[PDB]
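Every chain is numbered from 1 and lettered A, B, ... according to where its sequence line falls, protein lines coming before strand lines.
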Amino acid sequence: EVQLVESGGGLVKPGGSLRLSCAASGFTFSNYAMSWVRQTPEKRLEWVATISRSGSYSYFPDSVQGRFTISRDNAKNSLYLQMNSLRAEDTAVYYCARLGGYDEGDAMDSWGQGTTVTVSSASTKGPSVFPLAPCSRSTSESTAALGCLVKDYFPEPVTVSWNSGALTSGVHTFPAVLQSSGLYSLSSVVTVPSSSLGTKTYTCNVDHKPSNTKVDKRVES
Amino acid sequence: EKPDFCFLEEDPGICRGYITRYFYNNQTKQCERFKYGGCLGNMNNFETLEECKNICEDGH
Amino acid sequence: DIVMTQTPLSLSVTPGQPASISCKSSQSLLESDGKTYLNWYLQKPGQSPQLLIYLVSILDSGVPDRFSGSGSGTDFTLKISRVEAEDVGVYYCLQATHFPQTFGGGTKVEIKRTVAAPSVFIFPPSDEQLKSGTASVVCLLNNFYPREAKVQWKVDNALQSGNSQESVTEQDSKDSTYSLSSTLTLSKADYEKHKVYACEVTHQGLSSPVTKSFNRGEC
């Protein structure tokens, strides 16, 4: 019931800086060393920092060593990875993990869901959110699909829920495609009972944190 | 009684020539594994588990 | 640094049949305490990697006993005795005997299921989008198996190519299916010149192609 919750990712210009935070809950934090692991777009994984229990000592591999620094706050159950001198190749999702101890073969565990870091010279751009609704509805049908087209944003990622997370069954949120413009576009869909279309509302909640854009798009059929 | 250095946090020193070493963890009450960078640090720093066990468990 | 080579890159396994994934290290992982610091992770669809097995063969809390780990020195083996729907995902190895600790490149696991035809739906572009001078037409293929699926866009029966993008979700952990969205992008000027917008779908589960279309302006 350990939970680690990373925050702090965004777009940063090459040679620029960014701090990431990890908020830990559900265990005696100061009993454990704590780690950061990153995952590249090619889905390679790479350990990139460890901080000792007291927060006095840290380890880093050669690829980041001298650019990154780490610190923790045991009264707050948090730790922070300060990244400097950022280069194109530090683009990755960064995950916080707990170094599980000698009885657990020093394995990292309980990785958070991760925060996404993008090192690029480009500007951010928030998405447009357009409805996906049938031109007209085939009567009479068991199930109807609705969705949202989240178009023309940068950088990755975008998060989508439905009905503030109350609707999860039948949702498919697709991976974004990168377009010739150098902007991303993604769709999210849900299938529902056609008989519900006159009774329930369906709203896609879109979050684009790098541009600080949230959008609630009600989709009507 | 055990030596005082058994109660110190394990310290990798300030070098990067990392080699496995063993230290006593008083929170867990056992000898455990860390990477030592090869220079400085402290005396809670053993070449084998067996040695850690014989020095930082009990009163010899 | 120690290089960890995993094979195969991917595997597709009949439900209830066993599966095996190899991890090979470029130097021995045997540590000076006599243990071996080799670990297996699972990254499930939409989740971060989770610890399955540490010290070569030790299961983490809550990991099903279908899974086991073996090997030593440089050669390691993850086994799933009888594969289930929940096991789909990318498996990684990690060694931590040597600094820095280093991962394998991953192995994707797919599970086999009965052939399932997609449910196909087409969406016209929104009037809201059309105002800014772009028309995105979207075709959805929902919950199918196997992965291979063909979408053919047709605009008044002119077959379109080079004109669309698509993506596919990761096999689903509960029902073992895939879903796919494909977008056809046109200028509003071009979109305005044509009537019948159609997505045609070919898939092993359909005795012949299924077409979904609308007529522009009848929206």
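In terms of modelled atom types and a separation under 3.5 Å, the side chain of C/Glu166 and the main chain of C/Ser181 share no donor-acceptor contact. Looking at C/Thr169, its side chain does come within 3.5 Å of a backbone N or O of C/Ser179 through a donor-acceptor pair. Looking only at distances, no side-chain donor or acceptor of C/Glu170 sits under 3.5 Å from a matching main-chain atom of C/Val88. Under the 3.5 Å distance criterion, the side-chain polar atoms of C/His194 are left unmatched by any main-chain donor or acceptor of C/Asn215. Not one N or O on the side chain of A/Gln82 forms a donor-acceptor pair closer than 3.5 Å with the backbone of A/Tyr80. With hydrogens and angles ignored, the 3.5 Å screen pairs no side-chain donor or acceptor of C/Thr14 with any backbone N or O of C/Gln17. Within the 3.5 Å criterion, the main-chain N or O of A/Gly112 finds a donor-acceptor partner in the side chain of C/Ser48. Put simply, the side chain of A/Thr118 never gets that close to the backbone of A/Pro155: no donor and acceptor are under 3.5 Å apart. The main-chain N or O of A/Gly165 is never found under 3.5 Å from a side-chain atom of A/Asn163 such that the two would form a donor-acceptor pair. In this structure, A/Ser221 contributes its side chain and A/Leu197 its backbone to no donor-acceptor pair below 3.5 Å.
Ion pairing between a basic and an acidic side chain is recognised when a charged N comes within 4.0 Å of a carboxylate O; C/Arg66 and C/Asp87 show such pairing. Using a 4.0 Å cut-off between charged nitrogen and carboxylate oxygen, A/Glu46 and A/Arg44 do not count as a salt-bridge pair. Under a 4.0 Å N-O distance rule, the pair A/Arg98/A/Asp109 qualifies as a salt bridge. Contact check on C/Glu110 versus C/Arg147 returns no salt bridge, with no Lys/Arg side-chain nitrogen under 4.0 Å from an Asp/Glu carboxylate oxygen. Taking 4.0 Å as the cut-off between side-chain N and carboxylate O, A/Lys214 and A/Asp216 do not count as a salt-bridged pair. Remark: A/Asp90 engages A/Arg38 in a salt bridge, criterion side-chain N to carboxylate O under 4.0 Å.
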Q: Could you please spell out the steps behind the side-chain contact (heavy atoms from CB on, under 4.5 Å) verdict for A/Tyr153 and A/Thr124?
A: CA-CA 7 Å; A/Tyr153 63 95; A/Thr124 63; over 6 Å; no
Q: Let me see the working for A/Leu18 and A/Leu86 under side-chain contact (heavy atoms from CB on, under 4.5 Å), right down to the final yes or no.
A: CA-CA 8 Å; A/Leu18 195 69; A/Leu86 286 166; 4.2 Å; yes
(Q) Using side-chain contact (heavy atoms from CB on, under 4.5 Å), reason through C/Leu140 and A/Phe174 one step at a time and then give a plain yes or no. (A) CA-CA 10 Å; C/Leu140 168 64; A/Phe174 289 86; 3.5 Å; yes
(Q) Test side-chain contact (heavy atoms from CB on, under 4.5 Å) on A/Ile70 and A/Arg72; report intermediate values, then the result. (A) CA-CA 7 Å; A/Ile70 190 160; A/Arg72 65 193 288 170; over 6 Å; no
Q: Could you walk me through whether C/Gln43 and A/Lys43 pass the side chain to side chain donor-acceptor pair (under 3.5 Å) test, one step at a time?
A: CA-CA 11 Å; C/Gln43 181 158 36; A/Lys43 309 305 170 181; over 6 Å; no
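In this structure the side chain of C/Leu78 never reaches within 4.5 angstrom of the side chain of C/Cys23, judged on heavy atoms. Contact annotation: the side chain of A/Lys151 approaches that of C/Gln129 to within less than 4.5 Å [non-hydrogen atoms, C-beta and beyond]. Proximity of C/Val120 to C/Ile122: side-chain heavy atoms (C-beta onward) are nowhere separated by under 4.5 Å. Counting heavy atoms from C-beta outward, A/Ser120 and A/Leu11 have side chains that approach closer than 4.5 Å.
Closest heavy-atom contact between C/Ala117 and C/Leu206: CB-CD2, 3.9 Å. Shortest non-hydrogen contact noted between A/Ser185 and A/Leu149 is OG-CD1, 4.0 Å. The two residues C/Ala198 and C/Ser213 have their closest heavy-atom pair at CB-CB, 3.6 Å. Residue C/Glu86 comes nearest to C/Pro64 through the heavy atom pair OE2-CG, 4.1 Å, listed as atom of the first residue, atom of the second, then distance. Between C/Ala116 and C/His203, the closest heavy-atom pair is O-NE2, 3.3 Å. Contact record, C/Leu51 with A/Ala107: CD2-CB, 3.6 Å, taken as the closest heavy-atom pair.
A donor-acceptor contact closer than 3.5 angstrom links the side chains of C/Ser12 and C/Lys112. No donor-acceptor contact under 3.5 angstrom links the side chains of A/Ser25 and A/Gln3, judged on distance only. Checked by atom type, the side-chain pair C/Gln50/C/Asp60 shows no donor-acceptor distance below 3.5 Å. No hydrogens or angles considered: nothing links the side chains of A/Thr116 and A/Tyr94 as a donor-acceptor pair under 3.5 Å. Side-chain atoms of A/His172 and C/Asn143 form a donor-acceptor pair, as typed in the model, at a separation below 3.5 Å. Counted by atom type alone, A/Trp162 and A/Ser188 present one or more donor-acceptor pairs between their side chains at under 3.5 Å. With 3.5 Å as the limit, one finds a donor-acceptor pair spanning the side chains of C/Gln95 and C/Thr102. C/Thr183 and C/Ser136 form no side-chain donor-acceptor contact under 3.5 Å, judged by distance and modelled atom types alone. Defined by atom type and a distance below 3.5 Å, a donor-acceptor pair is present between the side-chain atoms of A/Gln39 and A/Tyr95. Defined by atom type and a distance below 3.5 Å, a donor-acceptor pair is present between the side-chain atoms of A/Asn205 and A/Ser161. For the residue pair A/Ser194 and A/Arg137, no side-chain donor N or O sits within less than 3.5 Å of a side-chain acceptor on the partner.
To the nearest 0.5 Å, the span separating CG on A/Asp207 from CG on A/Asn212 amounts to 8.5 Å. Remark: A/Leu20 CG to A/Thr115 OG1 distance equals 6.0 Å, nearest 0.5 Å. Rounding to the nearest 0.5 Å gives a distance of 7.0 Å between CE of A/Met108 and OG1 of A/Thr50. Within the model, atoms OG of C/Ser187 and CG of C/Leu130 stand 10.5 Å from one another, a figure rounded to the nearest 0.5 Å. Considering CD of C/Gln101 and CG of C/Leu94, their distance stands at 5.0 Å, rounded to 0.5 Å. Put simply, NE2 on A/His208 and NZ on A/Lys125 are 10.5 Å apart, with the number rounded to the nearest 0.5 Å.
For the side chain to side chain contact (heavy atoms under 4.5 Å, CB included) with C/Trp153, the lone residue among C/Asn163, C/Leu186, C/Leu184 that qualifies is C/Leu184.
Within the 6.0 Å centre-distance limit, the rings of A/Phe27 and A/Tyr32 are counted as a close aromatic pair. Under the 6.0 Å cut-off for aromatic ring centres, C/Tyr41 and C/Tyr92 do not qualify, their centroids lying 6.0 Å or more apart. Within the 6.0 Å centre-distance limit, the rings of C/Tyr191 and C/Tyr197 are counted as a close aromatic pair.
Residues meeting the side-chain contact (heavy atoms from CB on, under 4.5 Å) test with C/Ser22, sequence neighbours left out: C/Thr7, C/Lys24, C/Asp75.
Within a 6.0 Å sphere centred on CD of A/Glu89, other residues, nucleotides and ligands contribute more than 12 heavy atoms. Atom CG of C/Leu9 has 12 or fewer neighbouring heavy atoms from other residues, nucleotides or ligands inside a 6.0 Å radius. Around CD of C/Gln204, the count of heavy atoms belonging to other residues, nucleotides or ligands within 6.0 Å does not exceed 12.
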